[PDB]
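Just the one chain here, laid out as structure tokens, in the form deposited in one PDB entry.
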């Protein structure tokens, strides 16, 4: 079938994630469809995009079961981010609920964010033994400030909507309709001005290749027994006993 919905009102294209049965957690199909929707957003008269989730969550992470193309997922995910980064259109994220893990990455790749009052943002990587790419860390630091980024990454701290507004992670607190109204205003602005500013802003240095030591630690985390222990402990409904290996 299809895992997203696409609609257009005048010059604003709204893309809605439609996998609420997994709180919009990503898989290969959802990512592929999103990539195509972004790439084709300029086929009509659209001048702005609103990206949002169906139901209570914006995107709760990733869920690859039972994804017949799960091995392709990580690469397709990178392709989606490249498509958003390269789009001449501004993407307004209507963050309607929790944005967690891959969902937080996706929210951060939007150009602007309108956040529902009860939404929150989180990287629970420290609870699962995983490591992030450098852009995720740099862009987060730019949006919440270095100090809060340390807490989010080292302790799995949740960022509330209210604090997101304080830091600028949220540009506004509001609803999907609020996001669509703002997008309508943006769609009336000069496209080449928007395109230039978006490119320069995205080229602030957040797009960064992992240093050699970063890659070493990244691979050590991903190949560790602790990653397995976090998964087993969850299935057995008990606290994980991590060993640092």
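By rigid core we mean the largest C-alpha set that fits within 1.5 Å across both forms. Numbering follows the first chain given and starts at 1.
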- prompt: Do a third or more of the other compared entries leave residue 67 out of the model?
  reply: yes
37-45 versus 178-186 - which carries the larger mean C-alpha B factor in the record: 37-45
- request: Look over 68-76 and 137-145 in the entry and identify the one with the greater average Cα temperature factor.
  value: 68-76
statement: Highest CA B factor of 194, 206, 50, 31, as deposited, is found at 31
message: Is residue 118 in the lowest, middle or highest third of its chain when residues are ranked by C-alpha B-factor?
response: highest
- prompt: Among the modelled residues of its chain, does the C-alpha B-factor of residue 210 lie in the lowest, middle or highest third?
  reply: middle
query: Ranked by Cα temperature factor within the chain, is residue 62 in the lowest third, the middle third or the highest third?
result: highest
task: Compare the C-alpha B factor of residue 201 with those of the other modelled residues in its chain, then answer lowest, middle or highest third.
output: lowest
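Although it is not shown, the form deposited in another entry is what the next lines describe.
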query: Which of these moves by 2 angstroms or more at the C-alpha between this form and the one not shown, core superposed: 189, 201, 177, 68?
result: 68
- line: Quick read on residue 69 and residue 41 CA atoms in that other deposited form, 3 Å or more from the shown distance, and they're farther
query: Which is it in that other deposited form for the CA atoms of residue 66 and residue 127, closer or farther than here, knowing they shift by 3 Å or more?
result: closer
